[PDB]
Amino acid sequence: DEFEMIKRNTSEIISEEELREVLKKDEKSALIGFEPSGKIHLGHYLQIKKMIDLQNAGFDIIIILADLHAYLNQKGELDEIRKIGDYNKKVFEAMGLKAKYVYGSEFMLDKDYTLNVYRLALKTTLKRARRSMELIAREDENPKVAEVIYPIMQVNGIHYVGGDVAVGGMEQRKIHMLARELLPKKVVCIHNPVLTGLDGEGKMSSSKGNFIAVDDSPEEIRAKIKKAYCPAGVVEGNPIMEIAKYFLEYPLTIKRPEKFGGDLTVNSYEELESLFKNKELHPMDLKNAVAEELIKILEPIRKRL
């Protein structure tokens, strides 16, 4: 089922009923935007996977390589950001997604767009805009005006592109709630879960260096998985369990010596969850399985580059 395929592994859909209505349409577009990242990690991959899920559902996909937004979010100069964006496009392409790749600054500085940003700036309170940026803005002891221009420019972007659907992590939630509230056409929002960092603290961001990159070496992957936070019986905030939930193909065979129970096949992540919670499967065996299967999945991607 197309609905359940798209719903699978999302934190929320705003709204489920509106999504149904968009599925009855032949031509339908979905959008996502990315601040260019120095290294594309699993969070990105999780989202690109959802875009492919949407594509296989008949959606035309649009990727905003958000150079301006990165500029506004203190990620350095536009010219170096556009390079990183190009590298990000190449990493996406390797993941097996065909879409329209658009740099933000291609349409985000035109007279009328700018005018509409200011139109929305009249409609958005400073407090509302600052709240929408809590999980997106760079840490700054002295928040810049640029921080509050960011959300309105994304909302306008959403308007300009004209996507039936907008996709992002749960960090994007508040900006999307804004978009729905302020624009004539309400966009259907699909929000993906925020992966936990490898050491287990906070969440997994590109600036925290707590991630598995899609082109990391098999030795890195094994070392990162090996080092990672993964307490016995604990599913919540466990990044290894998350990688098992969001990336791995089931049925999954976990190779273990007979000394420690022997190999065990699991038909579903729920089964794995169950076995892990009641101490039936040790973290180190979970880790080795996840690490090897992750390599097998990330292998074609690492090769292309």
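The numbering used is simple: start at 1 and walk along the sequence shown.
As the entry records it, the average C-alpha temperature factor is higher for 53 to 61, out of 53 to 61 and 28 to 36. Two stretches are in play, 132 to 140 and 168 to 176, and the higher mean C-alpha B-factor belongs to 132 to 140.
In the deposited coordinates, the residue among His69, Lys279, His44, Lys245 with the greatest CA B-factor is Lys279. Per-chain ranking of the deposited C-alpha B factor places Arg8 in the middle third. Per-chain ranking of the deposited C-alpha B factor places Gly162 in the highest third. Per the deposited record, the Cα B-factor of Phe211 falls in the highest third when ranked against the other modelled residues of its chain. When the modelled residues of the chain are ordered by C-alpha B-factor, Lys90 sits in the highest third.
Per the PDB record, residue ranking by Cα B-factor puts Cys230 in the highest third of the chain.
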